[PDB]
Structure formats: structure tokens, C-alpha cells
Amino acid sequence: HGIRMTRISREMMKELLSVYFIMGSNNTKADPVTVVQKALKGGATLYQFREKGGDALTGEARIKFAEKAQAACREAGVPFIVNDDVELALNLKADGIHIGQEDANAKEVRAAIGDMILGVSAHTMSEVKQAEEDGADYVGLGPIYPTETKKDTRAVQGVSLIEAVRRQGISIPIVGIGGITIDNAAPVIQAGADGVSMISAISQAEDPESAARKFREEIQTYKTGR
């Protein structure tokens, strides 16, 4: 994953979304970079650096943590995505950026980042369509199941929006998010998603490596079987 000179293809985008681990320092009681390393070794296919709120790091300390997480992703051969912070993404030469409905407007972010990967969180059909017309490479849909990791979430929607987007014939890359565990991931893939994303199911696991590996095995099975 080098410096891109073309938009990512939908085929490659959908492969990367399979097991999409998201983490910051306030999401684990263990050493944060160690947790990221273990998730990548077990099989996460994409990583998002999300360091915000709670007792998150700030300043130089947050930047130095991001550089260590990015180096972990380079050693594993997995792309590094930054949540929210367009300037950090550009300064680190991240592989991409994830934004939501209250963040910078997708059209302006797509202008600022060239051919980097762009993800948008969406909760409704118009928001998916808008994200696609704005130049997103994928959408994050949810919350599928109840979750407390992110404070301010929208209402729990199950797989309803995923099915509705596939019914309207839209083929954009989709990752499901919100309260996903190894026990409830399969239906997200059966409804038509290209992957699952998680924080707690991996970051707070007794054994994050084995948790990542089990997700990778299960998601592969269900993508072939739907």
C-alpha cells in the first residue's frame, strides 16, 4: 500500500473491509500499540486510528502514538486509516480517512486528500447516496447492534439499511459497525455487507490475536457462502 495515483477499486476496497479493527488508547486496559500488533497478527485486514474523547491522548503524545500504530500496520502489510482528522492523515501519509455526518463535508475532504481512501458513516438511504455522489470509497453503516463504546450514536438499525441499499441495486463497498461480536457477525455479511468493523470485541478481549483470527476465518466463510 503505497501512494495512490488512482481511486481504489471496488474489488480491493471490499476485500480490505473484511475485518476492520478500530481502536484508540482509551478502548483497552492493555498497552495500545501491543493490542494493535496482536489484532494485525491474528488477521485484521484494515485498521482505523480513532483517538478521541474520554481520557484520550492529545498533542504530541497522540501524534507519536499514531506513528507507532502506522508502523505496526506497515509491518503487517495492512492500510492505516485516520478517523476525523484530515490534517493528521495528510501529515502521516495515511492510506485514508474516515468521517461522519458531523465532520468535515465529504466533498471538501475528497478534494483535500487526492486519491486516498475515504470512508463515510451513514445511517439512512439518502446519506448513503450522498456519500457515493461525494466521492466516498466505502460507507460504515450502523449501529447494527447496541453499543456503548461510542457515546452519541444513532438508533440501533440491525441489518435493515444494508438490505435496503442492496435492494436499490447499489454496489458501493459496505462495512457494518456497532456491537459486532464473533457470535453476531454472520448475518451482517449475509445481508450484503463486505465486512464487519469492531472496537471492543477485539480491543477488550483476553486474547486479541485469537479474536482477530476467529473473525477472519468466519468472515471468509460467510462471504463465500453468500
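Throughout, we count residues from 1 along the sequence that is shown.
Q: Within the set of other compared PDB entries, does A104 lack a model in a third or more?
A: It is not, since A104 is included in all of the other entries that model both flanking stretches.
Q: I'd like to know whether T149, which is modelled here, goes unmodelled in a third or more of the other compared entries that cover its flanking residues.
A: Missing in at least a third of the others, so yes.
Q: When the Cα temperature factors in the entry are averaged, is it 64 to 72 or 155 to 163 that ends up higher?
A: Looking at the record's C-alpha B-factors, the answer is 155 to 163.
Q: For the C-alpha atoms alone, is the average B factor greater in 198 to 206 or in 16 to 24, going by the entry?
A: The stretch with the larger mean CA B-factor is 198 to 206.
Q: Among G140, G96, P143, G114, which residue carries the highest C-alpha B-factor recorded in the PDB entry?
A: Comparing C-alpha B-factors across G140, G96, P143, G114, the maximum falls on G114.
Q: Please work out which residue in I174, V33, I170, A185 has the highest C-alpha B-factor recorded for this crystal structure.
A: Answer for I174, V33, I170, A185: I170, with the highest C-alpha B-factor.
Q: Should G100 be placed in the lowest, middle or highest third of its chain by the C-alpha B factor in the entry?
A: Its C-alpha B-factor, which the entry lists for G100, ranks in the middle third among residues of this chain.
Q: For the chain shown, is the CA B-factor of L57 in the lowest, middle or highest third of its modelled residues?
A: According to the entry, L57 has a C-alpha B-factor in the chain's highest third.
Q: Consider only the C-alpha atoms of the modelled residues in this chain, order them by B-factor as the entry records it, and name the third containing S121: lowest, middle or highest.
A: For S121, whose C-alpha B-factor we compare with every modelled residue in the chain, the answer is the middle third.
Q: Lowest, middle or highest third: where is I81 by C-alpha B factor in its chain?
A: Its C-alpha B-factor belongs to the lowest third of this chain's values.
Q: Could you tell me which third, lowest, middle or highest, the C-alpha B-factor of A136 occupies within its chain?
A: Its C-alpha B-factor belongs to the middle third of this chain's values.
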